[PDB]
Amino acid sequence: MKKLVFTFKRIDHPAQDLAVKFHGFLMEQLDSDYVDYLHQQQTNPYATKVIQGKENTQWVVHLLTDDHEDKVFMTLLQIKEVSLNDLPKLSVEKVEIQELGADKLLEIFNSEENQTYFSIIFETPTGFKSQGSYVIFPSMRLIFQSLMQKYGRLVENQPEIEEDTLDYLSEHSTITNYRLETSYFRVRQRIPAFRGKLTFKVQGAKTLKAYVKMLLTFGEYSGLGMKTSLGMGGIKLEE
């Protein structure tokens, strides 16, 4: 999987609305026939983010599958100038490239440092769709389910996940600390979501805790929950 970070001179505009606009610009680069293909799965092979800085603005694009990477990676590198609505033509100052393959993930598993406590940071508005209406309070079952689904569909090409494992992961995980707040994401239907940081503990074998760490490490690329392609659900597993 690939992680591309486009750096612009600091853009004075509400970050959440850039993410939606950047997503539109991104679609205008791909073959329209290929775009319609992306609209026919529960999970897209890409996730985007927008991080505002003190002196810069960063557009993050995650390539999550090899097939998607094969047809898109070169195109994204050619990008030097971006033009969005109501905004002056943007110039790409830098482009960073990081990669996350099986070698790094498997390394995470057999690590000498096995974590019991895990701190998740919700950089962008994160939401879940459960039992009809939306969700404003995150739960471990919803977090693990979204990641297990995203992982199963993208790298294993399997429609459904192991419910016993989801039960097992939820029974042994418990939120201990959090600092959260509401944050609505505009797609223009306002979508309810949350933002901030939480901490949970895992009680069990080191083989279990390793799977959690891997699932979270993978999550930093795919994003967590709803509308990850539009800029939602950007997470970060702190050291």
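We number the residues from 1 along the sequence you see.
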Relative to the deposited sequence, how many residues with no modelled coordinates occur between residue 30 and residue 31 (none, 1 to 3, 4 to 9, 10 or more)? none
Read off the CA B-factors in the entry, average them over 213-221 and over 20-28, and name the higher stretch. 20-28
Would 118-126 or 67-75 have the larger average of its C-alpha temperature factors, as given in the entry? 67-75
In terms of recorded Cα temperature factor, pick the maximum from 90, 100, 147, 95. 90
Pull the Cα B-factor of residue 142 out of the PDB entry and bin it into the chain's lowest, middle or highest third. lowest
Split the chain's modelled residues into thirds by Cα B-factor; residue 53 lands in the highest
State the tercile, meaning the lowest, middle or highest third, of residue 44 with respect to the CA B-factors recorded for its chain. highest
By its CA B factor, does residue 34 count among the lowest, middle or highest third of the modelled residues in the chain? highest
Name the third of the chain's ranked CA B-factors that contains residue 189, choosing lowest, middle or highest. highest
